[PDB]
Amino acid sequence: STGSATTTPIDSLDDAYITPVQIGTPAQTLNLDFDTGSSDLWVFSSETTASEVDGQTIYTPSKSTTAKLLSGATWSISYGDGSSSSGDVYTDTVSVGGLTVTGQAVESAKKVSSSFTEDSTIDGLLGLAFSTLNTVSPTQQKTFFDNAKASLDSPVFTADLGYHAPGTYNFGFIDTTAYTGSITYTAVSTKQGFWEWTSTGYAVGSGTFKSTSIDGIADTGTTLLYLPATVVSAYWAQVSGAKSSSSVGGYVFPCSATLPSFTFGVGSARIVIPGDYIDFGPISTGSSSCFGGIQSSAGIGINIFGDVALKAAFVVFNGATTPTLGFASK
Ligand code: NA
């Protein structure tokens, strides 16, 4: 089997991407944030505290003929941005892009933090990191990918995120029309439960490439590119008037600037992030200070290749017995 679903930016900045997911019988379609940095599929639901729901579409298990309470199971998760959610668990039928899993754990939120309530466009998350990170207790649950894997034509999924445009998540196949050149594969460590890999270095604009190992994770659920402070300083030093602002919470730059590209290494291959991708616009409405898309990972404890980096590439998440990541230009 295969599946193929379009993923759409939630706003004009590509802050996140939503993908429609069918849950239950008859189908209830919810728009989920597919997150390669976490391992829970959780949804706004009929159980979510009413004051914490503001425009989201909810899953109502009582209206699904295939829903069953997973008795005694609970979940609770905290993300890198300080947001959180928790609740109880149902099993149900879940389909993505025509690929169906029966018996998927659907984590029903009883509580969500303010950042979720305030984002009316995201109805929940679909985690695509390794199932070792799943938070369901006392019986840990599998991701949608892990449950689909054995049925797929190839044990893979691909992320093809758009810049200010829709893109695609495919399950079970490589679309050889979706990228240019060849795919460069690189080793993955699953020790922390992430799609963790080592970049071979970077370049700023037309500058020389610096060969240096950068360990980090491929995380579709993180907006920005978080890299070591040395690398980030070297980037922003090429933008007149850029500075790190403790008041704003990272590097800002004059909205009048033209940003340089940023290149990262994948083995001997190179992925180029155009400068435009690194512009996250005014820090507050009407400001002439703009927020940068490359930020320091210092204090986060891991480097994160978030959407800014991933949307410059066609990315293969190879879930074979020895997992690997692939990157191609597009
Ligand atoms: Na922000």
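Residues numbered from 1 in each chain as written, not as in the entry; some residues may be left out. Heavy atoms only, no water. Residues with missing side-chain atoms left out of burial classes, pairs and counts.

### A closer look at the sheet that holds strand β14 (residues 225–227)
For step 1, the next point in the chain: With mixed pairing, the seven strands of this open sheet are ordered in space as β18-β17-β12-β13-β22-β14-β21. Each edge of the sheet is formed by a strand with only one pairing partner; in this case those strands are β18 (269–273) and β21 (294–296). Strand-to-strand twist in this sheet, taken as the mean axis angle between neighbours without regard to direction, amounts to 45 degrees.
For step 2, the next point in the chain: The sheet contact formed by strand β12 (residues 196–204) and strand β13 (residues 210–218) spans six bridges and is antiparallel. (Pairing = 2+ DSSP bridges. Helix = DSSP H or I, 4+ residues; strand = E, 2+ residues; numbered from the N terminus. Axes fitted to C-alpha atoms, helices over the stretch in contact; angles between N-to-C directions.)

### So, the pattern of salt bridges
For step 1, the next point in the chain: All chains considered together, the criterion is met by two salt bridges.
For step 2, the next point in the chain: The salt bridge partner of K311 is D14, with a shortest N-O separation of 2.7 Å. Of the two residues, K311 sits in the loop between α4 (307–310) and β23 (314–318) while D14 sits in the loop between β1 (3–9) and β2 (17–23), which places them 297 residues apart along the sequence. Considered together, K311 and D14 belong to a single accessibility category, that of buried residues.
For step 3, the next point in the chain: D160 is the partner of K330 in a salt bridge, and the nearest nitrogen-oxygen pair spans 2.8 Å. Here the residue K330 occupies a position in the segment after β24 (324–328), and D160 occupies one in strand β9 (residues 156–160), the gap between them amounting to 170 residues. (Salt bridge = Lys/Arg side-chain N within 4 Å of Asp/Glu carboxyl O. Buried < 20%, exposed > 50% of the residue type's maximum accessible area, 1.4 Å probe, protein only.)

### Quick word on the sheet that holds strand β20 (residues 289–292)
For step 1, the next point in the chain: Read across the sheet, four strands follow the order β15-β16-β20-β19 without closing on themselves; strand pairing throughout is antiparallel. The strands lining the two open edges of the sheet, one partner per strand, are β15 (243–245) and β19 (279–282). Pairwise comparison of adjacent strand axes, ignoring direction, gives a mean angle of 40 degrees for this sheet.
For step 2, the next point in the chain: Bridging between β15 and strand β16 (residues 250–254) involves three bridges; their strand directions are antiparallel. Across the sheet, the residue bridging to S244 is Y251, located in β16.

### Some remarks on the nonpolar core
For step 1, the next point in the chain: Membership of the largest hydrophobic core comes to 73 residues, with the highest contact counts inside it found for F171, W236, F262, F264, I273 and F327.
For step 2, the next point in the chain: Looking at this core, you find at least three residues from each of domain 1 (5–174) and domain 2 (175–330).
For step 3, the next point in the chain: Discounting chain neighbours no more than four positions away, the residues touching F264 are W197, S199, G201, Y202, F209, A269, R270, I271, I273, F305, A309 and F327.
For step 4, the next point in the chain: In this structure, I10, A105, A109 and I122 belong to the second largest nonpolar core, which totals 17 residues. (Core = buried A, V, L, I, M, F, W, Y, C linked by side-chain atoms within 4.5 Å. Domains from an automatic or database assignment. Contact = heavy atoms within 4.5 Å.)

### A look at the domain arrangement of the protein
Accessible area lost upon the coming together of the parts is a frequently used measure of interface size.
For step 1, the next point in the chain: Each domain of the protein was delimited in the assignment, giving domain 1 (5–174) and domain 2 (175–330).
For step 2, the next point in the chain: At the junction of the two partners, domain 1 supplies 30 residues and domain 2 supplies 31 residues.
For step 3, the next point in the chain: Mapped by element, the contributors of at least two residues to the side of domain 1 that touches domain 2 are β3 (28–35), β9 and β10 (167–171).
For step 4, the next point in the chain: Looking at which element gives the most residues to the side of domain 1 that touches domain 2, the answer is β9, with five residues.
For step 5, the next point in the chain: Partitioned by chemical class, the residues of the side of domain 1 that touches domain 2 number 18 nonpolar, six polar and six charged. (Nonpolar A, V, L, I, M, F, W, Y, C, P; charged D, E, K, R; others polar.)

### Notes on the environment of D81
For step 1, the next point in the chain: Examined against the element boundaries, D81 turns out to sit in the loop between β5 (68–78) and β6 (84–96).
For step 2, the next point in the chain: Its relative accessible area of 60% is what places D81 among the exposed residues.
For step 3, the next point in the chain: Sequence separation between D81 and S246 is 165 residues, and the spatial gap between their C-alpha atoms is 16 Å.
For step 4, the next point in the chain: Within polar-contact distance, the side chain of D81 engages the side chain of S83 at 2.7 Å. (Polar contact = N/O pair within 3.5 Å; in protein donor to acceptor, adjacent residues only side chain to side chain.)

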